[PDB]
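What follows is data_25.pdb (PDB, C-alpha atoms and all ligand atoms).
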```pdb
ATOM      1  CA  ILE R  33     -17.652 -23.659 -17.904  1.00  0.00           C
ATOM      2  CA  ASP R  34     -16.648 -26.766 -15.934  1.00  0.00           C
ATOM      3  CA  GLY R  35     -15.068 -25.614 -12.654  1.00  0.00           C
ATOM      4  CA  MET R  36     -13.656 -29.046 -11.769  1.00  0.00           C
ATOM      5  CA  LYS R  37     -12.092 -29.425 -15.258  1.00  0.00           C
ATOM      6  CA  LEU R  38     -10.330 -26.061 -14.730  1.00  0.00           C
ATOM      7  CA  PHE R  39      -9.127 -27.224 -11.291  1.00  0.00           C
ATOM      8  CA  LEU R  40      -7.697 -30.476 -12.700  1.00  0.00           C
ATOM      9  CA  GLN R  41      -5.957 -28.481 -15.470  1.00  0.00           C
ATOM     10  CA  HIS R  42      -4.567 -25.591 -13.392  1.00  0.00           C
ATOM     11  CA  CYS R  43      -4.616 -26.269  -9.631  1.00  0.00           C
ATOM     12  CA  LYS R  44      -4.379 -30.029  -8.928  1.00  0.00           C
ATOM     13  CA  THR R  45      -0.543 -30.046  -9.132  1.00  0.00           C
ATOM     14  CA  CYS R  46      -0.336 -28.037  -5.872  1.00  0.00           C
ATOM     15  CA  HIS R  47      -3.826 -28.399  -4.336  1.00  0.00           C
ATOM     16  CA  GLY R  48      -5.001 -32.047  -4.523  1.00  0.00           C
ATOM     17  CA  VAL R  49      -8.652 -32.967  -5.244  1.00  0.00           C
ATOM     18  CA  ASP R  50      -9.171 -34.354  -1.709  1.00  0.00           C
ATOM     19  CA  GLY R  51      -8.747 -30.863  -0.168  1.00  0.00           C
ATOM     20  CA  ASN R  52      -5.116 -31.542   0.806  1.00  0.00           C
ATOM     21  CA  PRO R  53      -1.988 -29.979  -0.736  1.00  0.00           C
ATOM     22  CA  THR R  54       0.356 -32.160  -2.801  1.00  0.00           C
ATOM     23  CA  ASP R  55       4.009 -32.617  -1.827  1.00  0.00           C
ATOM     24  CA  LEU R  56       4.867 -29.729  -4.216  1.00  0.00           C
ATOM     25  CA  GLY R  57       1.990 -27.547  -2.923  1.00  0.00           C
ATOM     26  CA  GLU R  58       2.966 -27.941   0.733  1.00  0.00           C
ATOM     27  CA  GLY R  59       6.658 -27.276  -0.021  1.00  0.00           C
ATOM     28  CA  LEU R  60       5.677 -23.955  -1.602  1.00  0.00           C
ATOM     29  CA  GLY R  61       3.504 -23.100   1.422  1.00  0.00           C
ATOM     30  CA  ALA R  62      -0.051 -24.260   0.642  1.00  0.00           C
ATOM     31  CA  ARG R  63      -2.398 -25.537   3.379  1.00  0.00           C
ATOM     32  CA  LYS R  64      -5.588 -27.674   3.355  1.00  0.00           C
ATOM     33  CA  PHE R  65      -8.812 -26.529   1.719  1.00  0.00           C
ATOM     34  CA  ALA R  66     -10.619 -29.310   3.632  1.00  0.00           C
ATOM     35  CA  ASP R  67     -10.683 -27.307   6.844  1.00  0.00           C
ATOM     36  CA  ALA R  68     -13.908 -25.999   8.402  1.00  0.00           C
ATOM     37  CA  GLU R  69     -12.150 -23.066  10.143  1.00  0.00           C
ATOM     38  CA  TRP R  70     -10.316 -21.988   6.965  1.00  0.00           C
ATOM     39  CA  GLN R  71     -13.521 -22.178   4.893  1.00  0.00           C
ATOM     40  CA  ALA R  72     -15.521 -20.217   7.518  1.00  0.00           C
ATOM     41  CA  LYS R  73     -12.945 -17.383   7.756  1.00  0.00           C
ATOM     42  CA  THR R  74     -12.226 -17.104   4.002  1.00  0.00           C
ATOM     43  CA  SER R  75     -14.447 -14.978   1.755  1.00  0.00           C
ATOM     44  CA  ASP R  76     -15.179 -15.701  -1.923  1.00  0.00           C
ATOM     45  CA  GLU R  77     -13.415 -12.442  -2.761  1.00  0.00           C
ATOM     46  CA  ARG R  78     -10.212 -13.614  -0.998  1.00  0.00           C
ATOM     47  CA  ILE R  79     -10.366 -16.870  -3.004  1.00  0.00           C
ATOM     48  CA  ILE R  80     -10.931 -14.923  -6.275  1.00  0.00           C
ATOM     49  CA  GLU R  81      -8.114 -12.448  -5.498  1.00  0.00           C
ATOM     50  CA  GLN R  82      -5.755 -15.348  -4.724  1.00  0.00           C
ATOM     51  CA  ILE R  83      -6.489 -17.080  -8.063  1.00  0.00           C
ATOM     52  CA  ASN R  84      -6.155 -13.724  -9.886  1.00  0.00           C
ATOM     53  CA  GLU R  85      -2.972 -12.432  -8.257  1.00  0.00           C
ATOM     54  CA  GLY R  86      -1.267 -15.423  -6.621  1.00  0.00           C
ATOM     55  CA  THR R  87       1.492 -14.950  -4.051  1.00  0.00           C
ATOM     56  CA  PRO R  88       5.126 -14.104  -5.008  1.00  0.00           C
ATOM     57  CA  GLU R  89       7.367 -17.220  -4.884  1.00  0.00           C
ATOM     58  CA  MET R  90       4.388 -19.415  -3.882  1.00  0.00           C
ATOM     59  CA  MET R  91       1.525 -19.313  -6.399  1.00  0.00           C
ATOM     60  CA  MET R  92       1.465 -17.865  -9.935  1.00  0.00           C
ATOM     61  CA  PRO R  93      -1.260 -15.338 -10.886  1.00  0.00           C
ATOM     62  CA  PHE R  94      -4.041 -16.791 -13.069  1.00  0.00           C
ATOM     63  CA  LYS R  95      -5.675 -13.505 -14.195  1.00  0.00           C
ATOM     64  CA  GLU R  96      -3.899 -13.571 -17.587  1.00  0.00           C
ATOM     65  CA  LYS R  97      -4.877 -17.240 -18.107  1.00  0.00           C
ATOM     66  CA  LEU R  98      -8.484 -17.289 -16.825  1.00  0.00           C
ATOM     67  CA  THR R  99     -11.485 -14.993 -17.312  1.00  0.00           C
ATOM     68  CA  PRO R 100     -13.363 -13.654 -14.222  1.00  0.00           C
ATOM     69  CA  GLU R 101     -16.151 -16.202 -15.003  1.00  0.00           C
ATOM     70  CA  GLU R 102     -13.626 -19.049 -15.014  1.00  0.00           C
ATOM     71  CA  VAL R 103     -12.067 -17.834 -11.716  1.00  0.00           C
ATOM     72  CA  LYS R 104     -15.573 -17.568 -10.169  1.00  0.00           C
ATOM     73  CA  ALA R 105     -16.360 -21.147 -11.346  1.00  0.00           C
ATOM     74  CA  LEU R 106     -13.380 -22.347  -9.250  1.00  0.00           C
ATOM     75  CA  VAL R 107     -14.913 -21.024  -5.980  1.00  0.00           C
ATOM     76  CA  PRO R 108     -17.384 -23.949  -5.420  1.00  0.00           C
ATOM     77  CA  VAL R 109     -14.503 -26.357  -6.187  1.00  0.00           C
ATOM     78  CA  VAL R 110     -12.278 -24.743  -3.495  1.00  0.00           C
ATOM     79  CA  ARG R 111     -15.344 -24.831  -1.199  1.00  0.00           C
ATOM     80  CA  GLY R 112     -15.601 -28.617  -1.729  1.00  0.00           C
ATOM     81  CA  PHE R 113     -18.960 -28.718  -3.568  1.00  0.00           C
ATOM     82  CA  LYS R 114     -17.679 -29.505  -7.137  1.00  0.00           C
TER      83      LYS R 114
HETATM   84  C1  LIG R 201       1.730 -24.345  -7.065  1.00  0.00           C
HETATM   85  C2  LIG R 201       2.745 -23.780  -8.025  1.00  0.00           C
HETATM   86  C3  LIG R 201       0.336 -23.802  -7.077  1.00  0.00           C
HETATM   87  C4  LIG R 201      -0.632 -23.821  -8.184  1.00  0.00           C
HETATM   88  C5  LIG R 201      -0.488 -24.345  -9.590  1.00  0.00           C
HETATM   89  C6  LIG R 201      -1.817 -23.184  -7.538  1.00  0.00           C
HETATM   90  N1  LIG R 201      -1.640 -22.783  -6.262  1.00  0.00           N
HETATM   91 FE1  LIG R 201      -3.032 -21.931  -4.957  1.00  0.00          FE
HETATM   92  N2  LIG R 201      -1.561 -21.681  -3.508  1.00  0.00           N
HETATM   93  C7  LIG R 201      -0.299 -22.152  -3.524  1.00  0.00           C
HETATM   94  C8  LIG R 201       0.522 -21.801  -2.345  1.00  0.00           C
HETATM   95  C9  LIG R 201       1.957 -22.156  -2.055  1.00  0.00           C
HETATM   96  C10 LIG R 201      -0.417 -21.037  -1.512  1.00  0.00           C
HETATM   97  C11 LIG R 201      -0.199 -20.362  -0.187  1.00  0.00           C
HETATM   98  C12 LIG R 201       0.006 -18.879  -0.538  1.00  0.00           C
HETATM   99  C13 LIG R 201      -0.906 -17.907   0.196  1.00  0.00           C
HETATM  100  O1  LIG R 201      -0.659 -16.680   0.107  1.00  0.00           O
HETATM  101  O2  LIG R 201      -1.877 -18.319   0.874  1.00  0.00           O
HETATM  102  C14 LIG R 201      -1.646 -21.048  -2.331  1.00  0.00           C
HETATM  103  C15 LIG R 201      -2.872 -20.399  -1.882  1.00  0.00           C
HETATM  104  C16 LIG R 201      -4.218 -20.614  -2.418  1.00  0.00           C
HETATM  105  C17 LIG R 201      -5.423 -20.155  -1.697  1.00  0.00           C
HETATM  106  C18 LIG R 201      -5.462 -19.541  -0.322  1.00  0.00           C
HETATM  107  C19 LIG R 201      -5.816 -18.084  -0.192  1.00  0.00           C
HETATM  108  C20 LIG R 201      -6.008 -17.820   1.289  1.00  0.00           C
HETATM  109  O3  LIG R 201      -6.362 -16.684   1.625  1.00  0.00           O
HETATM  110  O4  LIG R 201      -5.814 -18.723   2.133  1.00  0.00           O
HETATM  111  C21 LIG R 201      -6.509 -20.517  -2.615  1.00  0.00           C
HETATM  112  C22 LIG R 201      -7.995 -20.312  -2.431  1.00  0.00           C
HETATM  113  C23 LIG R 201      -5.774 -21.112  -3.763  1.00  0.00           C
HETATM  114  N3  LIG R 201      -4.435 -21.121  -3.640  1.00  0.00           N
HETATM  115  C24 LIG R 201      -6.456 -21.645  -4.960  1.00  0.00           C
HETATM  116  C25 LIG R 201      -5.863 -22.079  -6.231  1.00  0.00           C
HETATM  117  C26 LIG R 201      -6.698 -22.366  -7.432  1.00  0.00           C
HETATM  118  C27 LIG R 201      -8.195 -22.310  -7.592  1.00  0.00           C
HETATM  119  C28 LIG R 201      -5.650 -22.738  -8.393  1.00  0.00           C
HETATM  120  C29 LIG R 201      -5.808 -23.117  -9.806  1.00  0.00           C
HETATM  121  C30 LIG R 201      -6.275 -22.020 -10.738  1.00  0.00           C
HETATM  122  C31 LIG R 201      -4.376 -22.633  -7.662  1.00  0.00           C
HETATM  123  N4  LIG R 201      -4.523 -22.213  -6.395  1.00  0.00           N
HETATM  124  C32 LIG R 201      -3.067 -22.923  -8.260  1.00  0.00           C
HETATM  125  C33 LIG R 201       0.215 -22.956  -4.640  1.00  0.00           C
HETATM  126  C34 LIG R 201      -0.391 -23.178  -5.952  1.00  0.00           C
HETATM  127 ZN    ZN R 202     -17.209 -32.322 -13.956  1.00  0.00          ZN
HETATM  128 ZN    ZN R 203      -7.130 -24.316 -19.314  1.00  0.00          ZN
HETATM  129 ZN    ZN R 204      -1.879 -24.090 -15.733  1.00  0.00          ZN
HETATM  130 ZN    ZN R 205      -6.411 -28.949  -1.479  1.00  0.00          ZN
HETATM  131 ZN    ZN R 206       2.882 -31.238   6.498  1.00  0.00          ZN
HETATM  132 ZN    ZN R 207      -8.629 -26.237  11.533  1.00  0.00          ZN
HETATM  133 ZN    ZN R 208     -19.618 -18.005  -1.086  1.00  0.00          ZN
HETATM  134 ZN    ZN R 209     -14.121  -6.441  -0.841  1.00  0.00          ZN
HETATM  135 ZN    ZN R 210     -12.174  -4.692   0.188  1.00  0.00          ZN
HETATM  136 ZN    ZN R 211      -6.329  -8.226  -0.431  1.00  0.00          ZN
HETATM  137 ZN    ZN R 212      -1.328 -14.870   1.122  1.00  0.00          ZN
END
```
Transcribe the structure of this file into structure tokens.
Ligand code: HEC
Ligand SMILES: [Zn+2]
Ligand SMILES: [Zn+2]
Ligand SMILES: [Zn+2]
Ligand SMILES: [Zn+2]
Ligand SMILES: [Zn+2]
Ligand SMILES: [Zn+2]
Ligand SMILES: [Zn+2]
Ligand SMILES: [Zn+2]
Ligand SMILES: [Zn+2]
Ligand SMILES: [Zn+2]
Ligand SMILES: [Zn+2]
Amino acid sequence: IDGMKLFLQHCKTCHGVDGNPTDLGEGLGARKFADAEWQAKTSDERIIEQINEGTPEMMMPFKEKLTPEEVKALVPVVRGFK
């Protein structure tokens, strides 16, 4: 499982690789991942739940597209470690 490959396939269109939302992402309500305060206050579980369930009118759920292993592999990408 390549976490970054999954991110480029499924997430990049709203959350850019640099840790900054795209124009589309920001319009829907996304904020920066590249933020020390956000990273410090956000648990892995919150990240996993967000990928799994999304947010109505903002982010689609990915639970029916990705396995728990694949969702977990995305955590160190969101964290900025690749
Ligand atoms: C645009 C249609 C999006 C795609 C594709 C992905 N995400 Fe997203 N995400 C989007 C918005 C508008 C928001 C804000 C909504 C909210 O309730 O916070 C988000 C949010 C996140 C978060 C934040 C959770 C938190 O508690 O702050 C994470 C960690 C996140 N999104 C990750 C993520 C991943 C890994 C994706 C690919 C599988 C992905 N998102 C797709 C918009 C969009
Ligand atoms: Zn890679
Ligand atoms: Zn895929
Ligand atoms: Zn997709
Ligand atoms: Zn980002
Ligand atoms: Zn802005
Ligand atoms: Zn900050
Ligand atoms: Zn962690
Ligand atoms: Zn819990
Ligand atoms: Zn709990
Ligand atoms: Zn919750
Ligand atoms: Zn939310």
Of the listed residues R:41, R:54, R:74, R:87, that which approaches ligand ZN 212 (chain R) most closely, counting all atoms listed in the file: R:87
The centre and edge lengths of an axis-aligned box containing all atoms of stretch 70-74 of chain R present in the file, extended by 4 Å on each side, are to be given in Å to one decimal, as lines of an AutoDock Vina configuration file.
```
center_x = -12.9
center_y = -19.6
center_z = 5.9
size_x = 13.2
size_y = 13.1
size_z = 11.8
```
Within 10 Å of ligand ZN 209 (chain R), which residues of chain R come that close, and what is the closest atom pair and distance in Å for each? Count only C-alpha atoms and all ligand atoms and give it as a Markdown table.
```
| residue | atom | partner | partner_atom | distance |
| --- | --- | --- | --- | --- |
| R:75 | CA | R:ZN209 | ZN | 8.9 |
| R:76 | CA | R:ZN209 | ZN | 9.4 |
| R:77 | CA | R:ZN209 | ZN | 6.3 |
| R:78 | CA | R:ZN209 | ZN | 8.2 |
| R:81 | CA | R:ZN209 | ZN | 9.7 |
```
Pick from R:96, R:55, R:102, R:85 nearest to ligand ZN 211 (chain R), counting all atoms listed in the file: R:85
Let me see if you get this right: every residue at most 12 Å from ligand ZN 207 (chain R), counting all atoms listed in the file, written as a PDB file with C-alpha atoms, in the frame of the given file.
```pdb
ATOM      1  CA  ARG R  63      -2.398 -25.537   3.379  1.00  0.00           C
ATOM      2  CA  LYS R  64      -5.588 -27.674   3.355  1.00  0.00           C
ATOM      3  CA  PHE R  65      -8.812 -26.529   1.719  1.00  0.00           C
ATOM      4  CA  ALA R  66     -10.619 -29.310   3.632  1.00  0.00           C
ATOM      5  CA  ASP R  67     -10.683 -27.307   6.844  1.00  0.00           C
ATOM      6  CA  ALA R  68     -13.908 -25.999   8.402  1.00  0.00           C
ATOM      7  CA  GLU R  69     -12.150 -23.066  10.143  1.00  0.00           C
ATOM      8  CA  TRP R  70     -10.316 -21.988   6.965  1.00  0.00           C
ATOM      9  CA  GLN R  71     -13.521 -22.178   4.893  1.00  0.00           C
ATOM     10  CA  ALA R  72     -15.521 -20.217   7.518  1.00  0.00           C
ATOM     11  CA  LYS R  73     -12.945 -17.383   7.756  1.00  0.00           C
TER      12      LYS R  73
END
```
